[PDB]
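[1] sequence? don't have it. structure:
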Ligand SMILES: [Fe+2]
Ligand code: NA
């Protein structure tokens with residue numbers, strides 16, 4: 001086997017690299033990498049303006065050719081084999097035009113400056129006394145004329161690749177071939193936690209992988225499970241045997257698990273509920289099985305009990321979408337082990353769906369567009385201070401997932417998922433083509449045990465208070481620089497997906513059943529705009545250069561949406577990955593060879609390498625936990641939000657939630 005040797009050397013290689021980085025050598029390089037990307041903020045050139053010289057011009061985005069507005073510019077002298085010299089500061093106007101006053105005399109050495117224009121980025125931090133701290137970063141450098149001896153030097157109109165859009169993605173994403181040159185890097189802490197976690201967990205996965213080549217049936221599932229730390233379900237079953245396989249727990253995790261199911265209620269019998277996963281739209285891979293599974297529940301006295309689970313499976317042959325299905329089967333809670341096996345199958349469909357749609361699609365992809373637009377257009381406007389800390393760093397993790405999670409042949413969700421890469425992708429494009437911010441609100445609690453709904457609504461009201469307060473406080477500044485909000489809106493609409501009414505797994509085909517709550521769902525009746533000849537999925541926040549009641553409310557809602565999904569939602573879906581899928585016997589992204597058998601059957605379960613990679617990835621992804629609202633390890637979370645969340649600590653406690661476990665952003 002040609003693959004065995006290279007696989008081994010690759011696992012070894014990975015291990016060694018992690019040794020190097022998770023060490024003094026690695027840490028020094030990381031920390032210094034962080035320190036160099038800080039631009040020393042220069043002081044104003046106080047001197048008579050007549051005695052000063054000037055440089056003028058206009059800056060445009062390289063991809064939209066729109067003005068690069070309100071961005072800081074520094075005039076420097078670039079000298080060969082000599083340190084550069086600072087000559088003057090200034091900003092672009094809303095048309096990207098600039099008239100920088102610079103002093104040639106800070107040349108010192110030469111008779112005339114050889115000009116160099118720097119585009120300057122910056123992050124805002126709050127100090128001890130809650131006052132803004134501006135930390136610069138060099139965004140771009142343009143070479144200007146040499147021997148400049150004119151009292152006005154003009155660059156004219158130039159383009160700048162500032163946060164460019166990826167033209168090869170079906171999604172609005174940043175263009176980042178080299179993730180090593182991100183314009184928004186992680187914190188050194190986030191990096192350190194990552195490399196540490198990986199250094200602990202990777203030698204295990206490596207051991208298993210190397211072991212698998214020596215014997216394709218080894219290591220056992222028992223050995224793989226043992227060699228990793230236990231998860232929630234293992235612990236639970238260690239206290240009370242078989243608890244997590246019970247109906248009560250099945251329902252609880254359907255409601256509040258990693259994939260918190262938005263159930264369908266019956267129109268005739270409002271006590272009847274169901275959840276459908278149908279994959280007729282998608283291409284099955286050759287290894288795993290595919291199951292159209294539907295779980296039915298009844299509501300009795302504020303409790304949800306499972307009534308049946310129907311399973312309709314693809315033949316192993318049935319690869320292409322809409323290929324033949326085996327006869328649908330029906331399972332009730334008294335059908336014993338076939339009932340238990342049905343519950344496991346449902347769990348796996350729910351886990352793969354949860355990772356594709358609820359996680360990767362709804363959280364990562366949907367929020368990246370807001371990130372890119374935000375950092376593209378929000379500078380002078382206070383809303384920046386409100387949005388950036390939640391949208392920062394997400395470009396990094398998505399670009400990483402391009403290799404780690406959703407790579408055409410090596411990514412976990414593709415490989416371990418029952419679909420081909422085109423299938424998984426199709427799920428993603430399908431749902432993201434319908435995600436908008438307008439009139440969006442969290443689902444309502446079906447019952448008292450519906451923890452996620454209660455949690456989500458509480459958090460939502462917190463966000464409402466926060467947003468209202470913030471908008472009130474910075475009203476004048478928000479209005480004064482509303483143009484930024486317009487450019488923000490325009491970038492969002494223009495770069496979003498073309499709208500496409502829902503289809504596939506998340507589309508209801510049932511006449512009897514309707515979504516019990518529609519607040520999170522797509523509102524097709526609400527008008528959407530058109531760009532480039534297609535109706536766009538994201539609705540515009542504004543189309544005027546000054547705010548109005550409508551426009552302001554629009555912005556407030558968009559802000560609520562963004563903050564909600566970048567904090568609580570992603571927290572919930574991501575940090576629940578171990579709890580749902582840490583134990584192989586209980587859950588996986590797919591099943592094999594009929595999917596029916598005892599949960600100890602290694603033929604049904606993932607093969608050793610898929611298994612170990614499953615547990616590895618879940619444990620890593622939930623094991624890295626940097627960036628929490630309460631902890632505020634980056635000192636950039638506006639204090640109003642913090643105090644709003646802290647104020648409501650105990651109501652969250654009453655739902656078994658620590659507000660300190662709520663992440664600030666998406667960076668894992
Ligand atoms: Fe994530
Ligand atoms: Na696959």
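    Looks like it came in fine. Numbers count the residues shown, from 1 in each chain. Ligands and ions are numbered 1, 2, ... in the order given.
[2] Can you read off the backbone torsions of the most far-flung residue of the chain relative to its centre?
    Here the centre of the chain is the reference, and by C-alpha atoms, centre = their mean the most remote residue is residue 111, at 52.1 Å. Here is the backbone geometry of residue 111 (degrees, to the nearest 10): phi -90, psi -30.
[3] In three-state terms, label the most centrally placed residue in the chain for me.
    Nearest to the mean C-alpha position of the chain, by C-alpha atoms, centre = their mean, lies residue 364 at 2.4 Å. Here residue 364 is helix, with the state taken from DSSP: H, G, I helix; E, B strand; the rest coil.
[4] who touches it in this structure?
    Contacts of residue 364 were listed using C-beta atoms under 8 Å, 6 or more residues apart in numbering, and they are 394, 397-398, 401, 570, 666. The C-beta positions use only the backbone N, C-alpha and C, and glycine is treated the same way.
[5] Kindly reformat those residues as a markdown table containing secondary structure and neighbour count.
    Listed next are these as a markdown table, based on DSSP: H, G, I helix; E, B strand; the rest coil; neighbours: other C-beta atoms under 10 Å:
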| residue | secondary structure | neighbour count |
| --- | --- | --- |
| 394 | helix | 26 |
| 397 | helix | 23 |
| 398 | helix | 25 |
| 401 | helix | 19 |
| 570 | helix | 25 |
| 666 | coil | 27 |
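[6] excluding its backbone neighbours, what's nearest residue 420?
    Once flanking residues are discounted, residue 420 sits nearest to residue 283: 4.5 Å by C-beta to C-beta, 6 or more residues apart in numbering.
[7] how close does the one you found get to residue 497?
    Using C-beta to C-beta, to the nearest Å, residue 283 is found at 21 Å from residue 497.
[8] Also residue 251?
    Residue 251 sits 35 Å away from residue 497, going by C-beta to C-beta.
[9] So between those two, which is more surrounded?
    Legend: neighbour count by other C-beta atoms under 10 Å for residue 251 and residue 497, higher for residue 497 (21 against 18).
[10] contacting residues around the more buried one?
    With C-beta under 8 Å, 6+ apart, residue 497 has these contacts: 170-172, 429, 432-433, 536-537.
[11] Recalculate using a threshold of 7 Å.
    Neighbouring residues of residue 497 by C-beta atoms under 7 Å, 6 or more residues apart in numbering: 170-171, 432-433, 537.
[12] ok, which pair from those is furthest apart?
    Spatial extent of these (C-beta to C-beta) is set by the pair 170 and 537 at 11.5 Å.
[13] Pick out whichever of the two has more residues nearby.
    Neighbours were counted for residue 170 and for residue 537 using other C-beta under 10 Å; residue 537 has more, 23 against 15.
[14] Apart from its chain neighbours, what residue comes closest to the more buried one?
    Once flanking residues are discounted, residue 537 sits nearest to residue 499: 4.3 Å by C-beta to C-beta, 6+ apart.
[15] Compute the distance between that neighbour and residue 427, please.
    Going from residue 499 to residue 427 by C-beta to C-beta gives 17 Å.
[16] Which one's more surrounded, the two?
    Neighbours per residue (other C-beta under 10 Å) separate residue 499 from residue 427, with residue 427 holding more: 25 against 20.
[17] Please name the spatially closest residue to the more buried one (chain neighbours excluded).
    residue 356 is the one closest to residue 427 (C-beta to C-beta, 6+ apart), at 4.6 Å.
[18] Would you indicate which residues of stretch 485-501 are buried?
    485-497, 499-500 (16 or more other C-beta atoms under 10 Å).
[19] before we move on, what about stretch 72-92?
    For stretch 72-92, a neighbour-count test (16+ other C-beta under 10 Å) marks 72-78, 85-90, 92 as buried.
[20] Quick one: end-to-end length of that stretch, please.
    Terminal residues of stretch 72-92 are spaced 7 Å apart (C-alpha to C-alpha, to the nearest Å).
[21] Give me the residues contacting it.
    Residues from elsewhere that reach stretch 72-92 (C-beta under 7 Å, 6+ apart): 42, 44-45, 55, 59, 68-71, 98, 100-104, 106-108, 113-120, 143.
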